[PDB]
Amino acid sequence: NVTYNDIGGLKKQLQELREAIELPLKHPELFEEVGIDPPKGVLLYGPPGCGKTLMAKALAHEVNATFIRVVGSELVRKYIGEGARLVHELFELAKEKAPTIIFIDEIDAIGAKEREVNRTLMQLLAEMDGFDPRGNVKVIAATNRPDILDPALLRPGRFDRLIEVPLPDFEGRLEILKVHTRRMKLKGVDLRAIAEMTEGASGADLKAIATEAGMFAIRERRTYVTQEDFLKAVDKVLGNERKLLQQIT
């Protein structure tokens, strides 16, 4: 279960997403009053593990909506017409369960400029065309490779708003570290230091660092968590050791 309080370092990105969906949904009345149709799709982009799915999930909680997630790669099918059918069913289901947030991760797998997948693409855009705003089912897509995308994905009525979800900067990381260490008791711990030593980390790495910290404490049998635990969790999660593994698997 996810809420805005489970998210760190993305204050303006959240506001933007909220302004694009939460705001209209609540007071749609008041948008037509100004001549602006509420967006149908929002595209989130940036490197992996930095909060894109989190924002979409938490947004879904806050508007009390069904949250349906599909990974783009799985809409690529060996057999003809299947990719398109799935997208069709996806949208039917999302109506069945309205209101809903559809979250299509790795939308690049389908929205790249073999030709079957373009069929699959046409279907989705077809689906957005025809949904009609004001507006009960909303789509959120995510990619780490945005520059790839067919611009027909981005025309108005389709993935209008773009929001970059970056690697966390120094303060972001601090915020994120707090989110995932809020429910531990630490004593020796300076998190500014941890934030300083993790340049380039993602939100996920940082969660992993807090997680590896607490278990390090456990394996050395204490009940609290200390700076040393974090210094080695930082060294475990980041750094060659897990690096080579990745090059290895």
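Residue numbers run from 1 along the displayed sequence.
- The segment from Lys78 to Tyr79 is modelled without interruption, since every residue of the deposited sequence in that interval carries coordinates.
- Averaged over Cα atoms, the B-factor as recorded in the entry is higher for 176 to 184 than for the other of 176 to 184 and 44 to 52.
- In this entry, 131 to 139 has the higher mean Cα B-factor, the comparison being between 158 to 166 and 131 to 139.
- Which of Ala195, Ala217, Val189, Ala208 has the largest Cα B-factor in the deposited entry comes down to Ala217.
- Based on the entry's C-alpha B-factors, the most elevated value among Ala126, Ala109, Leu90, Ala98 belongs to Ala98.
- Ranked by C-alpha B-factor against the other modelled residues of its chain, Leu17 falls in the lowest third.
- In the PDB entry, a CA B factor belonging to the lowest third of its chain's modelled residues is recorded for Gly203.
- Sort the modelled residues of the chain by CA B factor and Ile36 lands in the highest third.
- The PDB entry assigns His61 a C-alpha temperature factor belonging to the middle third of its chain's modelled residues.
- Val117: CA B factor lies in the highest third for its chain, per the PDB record.
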